[PDB]
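**Q** Mind having a look at this structure? Questions to follow.
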Amino acid sequence: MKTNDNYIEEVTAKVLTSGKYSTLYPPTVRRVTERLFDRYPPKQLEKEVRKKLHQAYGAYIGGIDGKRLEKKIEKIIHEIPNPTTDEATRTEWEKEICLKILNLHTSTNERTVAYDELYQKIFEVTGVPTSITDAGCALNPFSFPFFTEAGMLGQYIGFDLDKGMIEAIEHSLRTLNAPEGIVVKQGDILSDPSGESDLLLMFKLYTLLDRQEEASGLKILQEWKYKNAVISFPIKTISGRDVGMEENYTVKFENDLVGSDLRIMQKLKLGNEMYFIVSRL
Amino acid sequence: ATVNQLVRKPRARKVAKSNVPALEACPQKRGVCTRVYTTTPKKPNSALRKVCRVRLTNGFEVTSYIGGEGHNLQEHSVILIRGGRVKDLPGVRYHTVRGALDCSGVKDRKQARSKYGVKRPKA
RNA sequence: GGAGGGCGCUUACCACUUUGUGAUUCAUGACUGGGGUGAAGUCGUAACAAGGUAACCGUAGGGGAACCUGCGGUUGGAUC
RNA sequence: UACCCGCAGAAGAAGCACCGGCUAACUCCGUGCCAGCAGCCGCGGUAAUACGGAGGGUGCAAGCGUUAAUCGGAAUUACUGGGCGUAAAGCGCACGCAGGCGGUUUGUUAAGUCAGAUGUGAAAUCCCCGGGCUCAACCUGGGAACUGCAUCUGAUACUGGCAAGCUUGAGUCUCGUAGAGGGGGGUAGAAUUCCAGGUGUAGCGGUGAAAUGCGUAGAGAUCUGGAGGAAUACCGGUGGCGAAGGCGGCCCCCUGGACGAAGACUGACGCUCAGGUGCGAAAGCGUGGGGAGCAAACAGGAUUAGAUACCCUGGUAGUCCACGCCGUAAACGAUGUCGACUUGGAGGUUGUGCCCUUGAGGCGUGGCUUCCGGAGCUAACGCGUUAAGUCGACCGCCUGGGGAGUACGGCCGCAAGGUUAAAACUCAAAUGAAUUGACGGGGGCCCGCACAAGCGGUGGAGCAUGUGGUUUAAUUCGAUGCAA
RNA sequence: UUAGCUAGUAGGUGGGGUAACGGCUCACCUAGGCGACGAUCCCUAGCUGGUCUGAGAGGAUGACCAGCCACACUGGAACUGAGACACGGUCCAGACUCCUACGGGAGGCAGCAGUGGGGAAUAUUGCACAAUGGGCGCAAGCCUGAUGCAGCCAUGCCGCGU
Ligand SMILES: [Mg+2]
Ligand SMILES: [Mg+2]
Ligand SMILES: [Mg+2]
Ligand SMILES: [Mg+2]
Ligand SMILES: [Mg+2]
Ligand SMILES: [Mg+2]
Ligand SMILES: [Mg+2]
Ligand SMILES: [Mg+2]
Ligand SMILES: [Mg+2]
Ligand SMILES: [Mg+2]
Ligand SMILES: [Mg+2]
Ligand SMILES: [Mg+2]
Ligand SMILES: [Mg+2]
Ligand SMILES: [Mg+2]
Ligand SMILES: [Mg+2]
Ligand SMILES: [Mg+2]
Ligand SMILES: [Mg+2]
Ligand SMILES: [Mg+2]
Ligand SMILES: [Mg+2]
Ligand SMILES: [Mg+2]
Ligand SMILES: [Mg+2]
Ligand SMILES: [Mg+2]
Ligand SMILES: [Mg+2]
Ligand SMILES: [Mg+2]
Ligand SMILES: [Mg+2]
Ligand SMILES: [Mg+2]
Ligand SMILES: [Mg+2]
Ligand SMILES: [Mg+2]
Ligand SMILES: [Mg+2]
Ligand SMILES: [Mg+2]
Ligand SMILES: [Mg+2]
Ligand SMILES: [Mg+2]
Ligand SMILES: [Mg+2]
Ligand SMILES: [Mg+2]
Ligand SMILES: [Mg+2]
Ligand SMILES: [Mg+2]
Ligand SMILES: [Mg+2]
Ligand SMILES: [Mg+2]
Ligand SMILES: [Mg+2]
Ligand SMILES: [Mg+2]
Ligand SMILES: [Mg+2]
Ligand SMILES: [Mg+2]
Ligand SMILES: [Mg+2]
Ligand SMILES: [Mg+2]
Ligand SMILES: [Mg+2]
Ligand SMILES: [Mg+2]
Ligand SMILES: [Mg+2]
Ligand SMILES: [Mg+2]
């Protein structure tokens with residue numbers, strides 16, 4: 001069966017070997033080719049998988065420039081002294097030393113306007129999850145200072161795919177002295193949403209999973225047996241310009257959300273991010 | 001071509017393709033509509049046309065055009081479709097007669113009464 | 001009584017079938033691709049008419065987007 | 001029943017389309033990018049001859065519109081009868097079979113062609129001349145036509161076949177000259193860099209600022225010597241050579257094409273082409289080497305709320321070489337080849353002669369190449385004795401702009417891909433050349449405090465209810481560069 | 001954008017068959033036949049005398065009149081007969097429509113009317129054998145949805161009237 005089965009790695013290695021497309025975990029890509037086996041012509045398999053690397057799922061190709069991030073980390077952590085008069089004074093210094101690292105791309109940066117008002121307004125409806133997960137943790141792993149400002153102390157483990165960005169932000173465990181009660185591990189969710197947790201932080205999920213297929217969003221929440229979540233999106237409508245082209249991360253919910261165990265709890269729309277609260281029975 | 005190049009390959013004329021995809025050697029065609037909705041005509045124009053889809057009997061679903069200051073059609077009724085050429089509506093190349101079959105026509109009209117099935121009032 | 005005829009009997013081709021096996025063909029199609037037009041992104045700007053701008057052909061490598069780089073070629077050539 | 005006669009009686013019998021420019025033929029109201037026509041260009045925001053309605057006019061009539069099919073229009077399928085530099089159009093460039101086509105003198109044959117005759121091409125209809133239903137339509141007599149095909153009988157200008165000759169197109173050969181024409185060996189010099197001595201040590205390379213690399217195990221720079229690899233400066237001009245692509249060091253061997261020139265011989269062995277064969281830069285690939293520089297990916301240093309665009313520092317393929325495959329370009333001279341005809345002048349290169357080469361030149365005879373220009377040709381720019389002019393022979397490509405030089409089905413490959421080559425849909429265009437003008441991160445031309453300069457001011461955290469901030473005891477209010 | 005097709009296919013002899021010449025049907029022998037002057041296959045379409053468009057050359061079309069071929073529920077095959085492998089003959093297989101006491105049988109409007117369905121659309125379950133034509137008969141006569149007519153729709157041409 002080499003026609004189809006020895007012709008999956010000839011395709012798959014090529015992506016995961018090239019240093020330009022190597023920003024991914026081996027299992028993540030082992031999945032996305034068995035999915036797309038019968039998707040594009042048998043002489044155009046790797047050829048049109050590059051379409052899912054440029055037209056779709058792109059900018060993660062080449063990656064987020066970790067060799068520009070540490071370039072703005074080593075140039076950042078060595079700027080001001082370390083006033084650590086006590087043990088929570090190592091955190092308040094670690095607070096601003098971390099704040100700017102989520103502010104190179106204008107996405108987790110539109111999230112830093114919610115570091116004081118919307119990192120505790122979420123605990124009133126899920127509890128204080130001590131079994132937690134996270135999808136798309138590109139530049140959102142320093143939310144712990146504010147997640148534990150309320151008392152989230154359980155396992156927060158965000159799963160990104162860019163390894164040149166995850167390892168440019170995972171070295172921080174001791175270099176930056178990030179809290180020692182938190183793990184991080186790689187993983188996608190357009191491929192791997194299986195497990196059980198309590199809170200499912202969806203930050204950069206957006207409609208990138210609804211780009212892998214047309215109308216296939218309600219699948220993941222369920223796969224990861226759960227209770228609640230938090231799901232936000234950009235609301236950068238320029239005085240009635242991005243209307244329609246940006247108001248669909250919602251109307252694909254309320255409409256499709258009649259019939260199963262999924263429900264909704266609350267909804268807001270402030271700053272540049274509109275968070276969703278979800279429920280199941 | 002030279003004279004010798006004509007005895008081997010003759011002059012291949014065009015296929016004489018008309019502006020309608022199919023006609024079944026028939027001028028008009030009867031169909032049945034499915035949904036009633038309104039779309040947008042083109043960038044310069046700014047009007048609301050009766051762009052309704054009428055499914056035929058040969059398995060073809062072609063969208064025609066319904067003209068008039070107000071028709072009263074029903075989802076499950078016969079609709080006669082004739083020929084026509086319209087540019088302001090992309091994808092549309094057919095019309096719809098009125099005053100015949102299960103379709104009604106306008107009233108209180110004198111000029112251009114030969115179409116839309118208008119009748120002659122007794123003056 | 002024979003000749004021979006006829007019925008039966010039976011061999012030949014041969015339509016209808018029937019089991020496998022391919023070609024062409026046909027209608028929907030479970031799994032789908034990209035185009036397409038509606039749309040629509042207060043982008044000249046990561047380079048704010050100074051953070052100092054040729055166009056294209058063939059080919060190869062990088063093609064979140066028209067590109068950009070290597071090699072060779074052409075005039076059909078922003079200020080100049 | 002046709003036809004004919006009599007009585008009453010203008011009594012029962014005219015609608016529809018169009019009404020901007022095509023394409024003959026208009027006023028107002030309602031509505032105000034809203035509601036509506038539609039074939040093309042389009043029309044519709046308090047004045048619509050483009051909508052609806054009233055009136056009027058025009059077309060036409062027992063019929064007026066719309067729609068569908070074919071043809072003319074459409075020279076928009078060109079044998080009659082158009083192009084191929086720039087609009088969509090000549091294959092990257094040649095050798096050639098089956099085809100097409102092929103000069104001159106004489107003779108034969110009579111297939112093609114031409115003429116005459118016979119047979120035949122059934123009727124209606126088309127065509128011409130007449131008659132008959134009151135007339136017309138319809139029907140009918142006679143004649144003609146059916147462009148075609150075949151047989152017999154003739155003529156012999158051209159074509160073709162057979163036989164016999166000539167030379168004006170010229171093949172080949174003898175005697176010469178010019179060339180980076182192509183390929184296989186060898187040799188020389190300069191320069192970069194690496195590998196060895198002597199001498200000389202915190203600087204070197206490199207970017208308008210910074211840094212990485214390279215250095216105290218002898219860097220950079222300089223001299224000498226050696227190894228390896230690649231390219232041939234000045235000479236070098238759009239010169240020469242080849243069908244095209246392409247190739248510039250002296251230089252050995254092998255060998256091809258083109259051209260000049262006084263004399264012989266052989267007597268159109270001639271032009272062109274599908275399929276096929278061969279050649280075809282660079283890039284890329286397979287099987288083996290070389291590898292000093294440069295240089296696609298990749299990564300160090302800059303840089304910025306992101307330069308894998310450009311700058312700087314290195315390097316794996318590749319470039320080089322032997323043996324193969326693929327056959328892709330602005331492979332452009334945007335021009336297929338061959339032959340013939342055609343007012344001329346002014347610059348190079350390369351042969352053979354005359355003349356006093358005594359003034360190293362005039363006056364003749366060829367090939368190749370550049371520029372200008374008249375007639376003529378073409379929309380225009382231009383070409384214009386190398387044709388894109390005037391004739392002829394042969395072949396290829398293109399029938400609107402996108403989709404698309406794509407997909408599928410064959411062929412050609414170990415790959416990357418190429419060749420032959422669509423059907424739907426979308427749109428009223430698209431593309432070209434000459435103008436008029438705007439404009440340009442404007443310079444050669446050009447006038448003025450155009451920026452100054454030379455006796456002097458305005459510019460005052462006060463105020464003149466005219467006034468550049470807070471003001472509702474400001475707002476019942478003007479006007480915002482002696483260019484609002 | 002279908003490149004080779006064909007082993008009773010090509011050719012000679014003999015035998016046999018048909019009203020006649022023939023691999024139409026066999027044996028034997030032979031290795032040829034066709035084909036870029038387009039073999040086969042696929043798709044589509046009746047042809048001709050004409051009509052329509054055009055000044056012609058052409059293109060398109062094949063209805064009505066007429067010549068010829070093919071077909072007769074769907075396949076195959078055969079007999080009677082001078083001429084047919086037979087449209088209202090027959091036998092048989094399959095499908096469909098009926099009858100029946102479950103052994104089973106019969107029939108064909110792609111004839112004129114008419115019905116159901118499909119389709120933007122095309123007729124009356126009519127009259128007469130007077131003439132014409134055909135079959136039978138010595139003649140007379142009869143048969144003849146062929147023909148000759150009527151009714152219906154302005155489909156087209158032409159004329160007249162309002
Ligand atoms: Mg062009
Ligand atoms: Mg009108
Ligand atoms: Mg009009
Ligand atoms: Mg009007
Ligand atoms: Mg024509
Ligand atoms: Mg020009
Ligand atoms: Mg070619
Ligand atoms: Mg020849
Ligand atoms: Mg003759
Ligand atoms: Mg004759
Ligand atoms: Mg008369
Ligand atoms: Mg006559
Ligand atoms: Mg006659
Ligand atoms: Mg003679
Ligand atoms: Mg000849
Ligand atoms: Mg002769
Ligand atoms: Mg001769
Ligand atoms: Mg040489
Ligand atoms: Mg030294
Ligand atoms: Mg020292
Ligand atoms: Mg030296
Ligand atoms: Mg070396
Ligand atoms: Mg002599
Ligand atoms: Mg001689
Ligand atoms: Mg030739
Ligand atoms: Mg090469
Ligand atoms: Mg090559
Ligand atoms: Mg190689
Ligand atoms: Mg060239
Ligand atoms: Mg060309
Ligand atoms: Mg030359
Ligand atoms: Mg000239
Ligand atoms: Mg020309
Ligand atoms: Mg086209
Ligand atoms: Mg088109
Ligand atoms: Mg002056
Ligand atoms: Mg006021
Ligand atoms: Mg025989
Ligand atoms: Mg004509
Ligand atoms: Mg005529
Ligand atoms: Mg004619
Ligand atoms: Mg008929
Ligand atoms: Mg018999
Ligand atoms: Mg019958
Ligand atoms: Mg039947
Ligand atoms: Mg019906
Ligand atoms: Mg009789
Ligand atoms: Mg009648």
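Numbering starts fresh at 1 for the residues of each chain in the structure tokens, the chains themselves are lettered A, B, ... in the order given, and ligands are numbered from 1 as they appear.
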Kindly work out which residues sit at most 12 Å from ligand 21, using only C-alpha atoms (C1' of nucleotides) and all ligand atoms, and give the list as a list in words.

**A**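 Checking only C-alpha atoms (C1' of nucleotides) and all ligand atoms against ligand 21 at 12 Å gives residues 190, 191, 192, 193, 221, 222, 223, 224, 225 and 226 of chain D.
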
**Q** Using N, CA and C atoms (P, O5', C5', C4', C3', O3' and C1' of nucleotides), can you write the selected residues to a file as a PDB file, in the first residue's frame?

**A**
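selection_11.pdb written:
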ATOM      1  P     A D 190      52.847  37.285 -13.506  1.00  0.00           P
ATOM      2  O5'   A D 190      51.511  38.117 -13.263  1.00  0.00           O
ATOM      3  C5'   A D 190      51.423  39.480 -13.652  1.00  0.00           C
ATOM      4  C4'   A D 190      49.996  39.969 -13.639  1.00  0.00           C
ATOM      5  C3'   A D 190      49.243  39.794 -12.329  1.00  0.00           C
ATOM      6  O3'   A D 190      49.539  40.803 -11.381  1.00  0.00           O
ATOM      7  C1'   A D 190      47.894  39.047 -14.116  1.00  0.00           C
ATOM      8  P     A D 191      49.638  40.440  -9.819  1.00  0.00           P
ATOM      9  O5'   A D 191      48.121  40.245  -9.372  1.00  0.00           O
ATOM     10  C5'   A D 191      47.197  41.319  -9.442  1.00  0.00           C
ATOM     11  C4'   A D 191      45.776  40.840  -9.280  1.00  0.00           C
ATOM     12  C3'   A D 191      45.487  40.023  -8.031  1.00  0.00           C
ATOM     13  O3'   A D 191      45.284  40.824  -6.880  1.00  0.00           O
ATOM     14  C1'   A D 191      44.567  38.931  -9.910  1.00  0.00           C
ATOM     15  P     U D 192      45.692  40.269  -5.428  1.00  0.00           P
ATOM     16  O5'   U D 192      44.447  39.376  -4.992  1.00  0.00           O
ATOM     17  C5'   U D 192      43.164  39.956  -4.806  1.00  0.00           C
ATOM     18  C4'   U D 192      42.107  38.904  -4.587  1.00  0.00           C
ATOM     19  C3'   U D 192      42.380  37.905  -3.473  1.00  0.00           C
ATOM     20  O3'   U D 192      42.062  38.410  -2.188  1.00  0.00           O
ATOM     21  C1'   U D 192      41.671  36.750  -5.409  1.00  0.00           C
ATOM     22  P     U D 193      43.064  38.172  -0.954  1.00  0.00           P
ATOM     23  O5'   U D 193      42.867  36.635  -0.585  1.00  0.00           O
ATOM     24  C5'   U D 193      41.604  36.146  -0.155  1.00  0.00           C
ATOM     25  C4'   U D 193      41.524  34.644  -0.274  1.00  0.00           C
ATOM     26  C3'   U D 193      42.582  33.857   0.485  1.00  0.00           C
ATOM     27  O3'   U D 193      42.279  33.703   1.860  1.00  0.00           O
ATOM     28  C1'   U D 193      42.409  33.021  -1.717  1.00  0.00           C
ATOM     29  P     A D 221      45.776  41.522   3.169  1.00  0.00           P
ATOM     30  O5'   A D 221      46.886  42.656   3.027  1.00  0.00           O
ATOM     31  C5'   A D 221      46.522  44.007   2.788  1.00  0.00           C
ATOM     32  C4'   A D 221      47.680  44.942   3.032  1.00  0.00           C
ATOM     33  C3'   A D 221      48.964  44.621   2.283  1.00  0.00           C
ATOM     34  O3'   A D 221      48.956  45.085   0.945  1.00  0.00           O
ATOM     35  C1'   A D 221      49.464  45.037   4.552  1.00  0.00           C
ATOM     36  P     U D 222      49.458  44.128  -0.246  1.00  0.00           P
ATOM     37  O5'   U D 222      51.046  44.167  -0.128  1.00  0.00           O
ATOM     38  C5'   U D 222      51.764  45.374  -0.341  1.00  0.00           C
ATOM     39  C4'   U D 222      53.230  45.208  -0.029  1.00  0.00           C
ATOM     40  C3'   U D 222      53.933  44.053  -0.726  1.00  0.00           C
ATOM     41  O3'   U D 222      54.311  44.357  -2.057  1.00  0.00           O
ATOM     42  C1'   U D 222      54.490  44.043   1.570  1.00  0.00           C
ATOM     43  P     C D 223      54.308  43.208  -3.180  1.00  0.00           P
ATOM     44  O5'   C D 223      55.695  42.455  -2.966  1.00  0.00           O
ATOM     45  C5'   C D 223      56.929  43.128  -3.169  1.00  0.00           C
ATOM     46  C4'   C D 223      58.098  42.294  -2.708  1.00  0.00           C
ATOM     47  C3'   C D 223      58.188  40.892  -3.291  1.00  0.00           C
ATOM     48  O3'   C D 223      58.754  40.866  -4.590  1.00  0.00           O
ATOM     49  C1'   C D 223      58.518  40.797  -0.953  1.00  0.00           C
ATOM     50  P     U D 224      58.206  39.831  -5.689  1.00  0.00           P
ATOM     51  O5'   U D 224      58.845  38.437  -5.260  1.00  0.00           O
ATOM     52  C5'   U D 224      60.251  38.247  -5.267  1.00  0.00           C
ATOM     53  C4'   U D 224      60.644  36.985  -4.541  1.00  0.00           C
ATOM     54  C3'   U D 224      59.985  35.703  -5.025  1.00  0.00           C
ATOM     55  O3'   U D 224      60.605  35.162  -6.180  1.00  0.00           O
ATOM     56  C1'   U D 224      59.871  35.805  -2.668  1.00  0.00           C
ATOM     57  P     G D 225      59.719  34.434  -7.305  1.00  0.00           P
ATOM     58  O5'   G D 225      59.370  33.018  -6.665  1.00  0.00           O
ATOM     59  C5'   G D 225      60.393  32.079  -6.368  1.00  0.00           C
ATOM     60  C4'   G D 225      59.890  30.977  -5.470  1.00  0.00           C
ATOM     61  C3'   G D 225      58.676  30.210  -5.970  1.00  0.00           C
ATOM     62  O3'   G D 225      59.005  29.206  -6.915  1.00  0.00           O
ATOM     63  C1'   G D 225      58.345  30.816  -3.713  1.00  0.00           C
ATOM     64  P     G D 226      57.945  28.780  -8.044  1.00  0.00           P
ATOM     65  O5'   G D 226      56.945  27.800  -7.285  1.00  0.00           O
ATOM     66  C5'   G D 226      57.409  26.586  -6.713  1.00  0.00           C
ATOM     67  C4'   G D 226      56.383  25.983  -5.787  1.00  0.00           C
ATOM     68  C3'   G D 226      55.015  25.709  -6.393  1.00  0.00           C
ATOM     69  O3'   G D 226      54.968  24.500  -7.131  1.00  0.00           O
ATOM     70  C1'   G D 226      54.747  26.812  -4.324  1.00  0.00           C
TER      71        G D 226
END

**Q** Sort by chain and increasing residue number a table of all residues of chain B within 12 Å of ligand 5, each with its closest pair of atoms and their distance in Å to one decimal, counting only C-alpha atoms and all ligand atoms, and write it as CSV.

**A**
residue,atom,partner,partner_atom_place_in_ligand_line,distance
B:11,CA,ligand 5,1 (Mg),11.7
B:13,CA,ligand 5,1 (Mg),10.2
B:14,CA,ligand 5,1 (Mg),11.8

**Q** Include C-alpha atoms and write out the residues we just selected as an mmCIF file, in the first residue's frame.

**A**
data_model
loop_
_atom_site.group_PDB
_atom_site.id
_atom_site.type_symbol
_atom_site.label_atom_id
_atom_site.label_comp_id
_atom_site.auth_asym_id
_atom_site.auth_seq_id
_atom_site.Cartn_x
_atom_site.Cartn_y
_atom_site.Cartn_z
ATOM 1 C CA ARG B 11 -12.951 26.064 -42.444
ATOM 2 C CA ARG B 13 -17.098 27.394 -38.311
ATOM 3 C CA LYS B 14 -18.402 28.334 -34.878
#

**Q** Given only C-alpha atoms (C1' of nucleotides) as the basis, pick out the residue of E:130, E:24, E:52, E:37 nearest to chain B.

**A**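 The shortest atom-to-atom distance to chain B comes from E:37.
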
**Q** Check which residues fall inside 9 Å of ligand 37 when counting only C-alpha atoms (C1' of nucleotides) and all ligand atoms, and print them as a PDB file with C-alpha atoms (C1' of nucleotides), in the first residue's frame.

**A**
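Heads up, here's the output in out-v8.pdb:
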ATOM      1  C1'   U D 475     -24.931  83.439  21.729  1.00  0.00           C
ATOM      2  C1'   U D 476     -31.648  87.976  20.003  1.00  0.00           C
ATOM      3  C1'   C D 477     -25.387  88.580  16.233  1.00  0.00           C
TER       4        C D 477
END

**Q** Quick one: everything within 6 Å of region 55-67 of chain B, counting only C-alpha atoms (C1' of nucleotides), minus sequence neighbours fewer than 6 positions away in the same chain. Send it as an MDAnalysis selection string.

**A** chainID B and resid 31:33 92 94:96
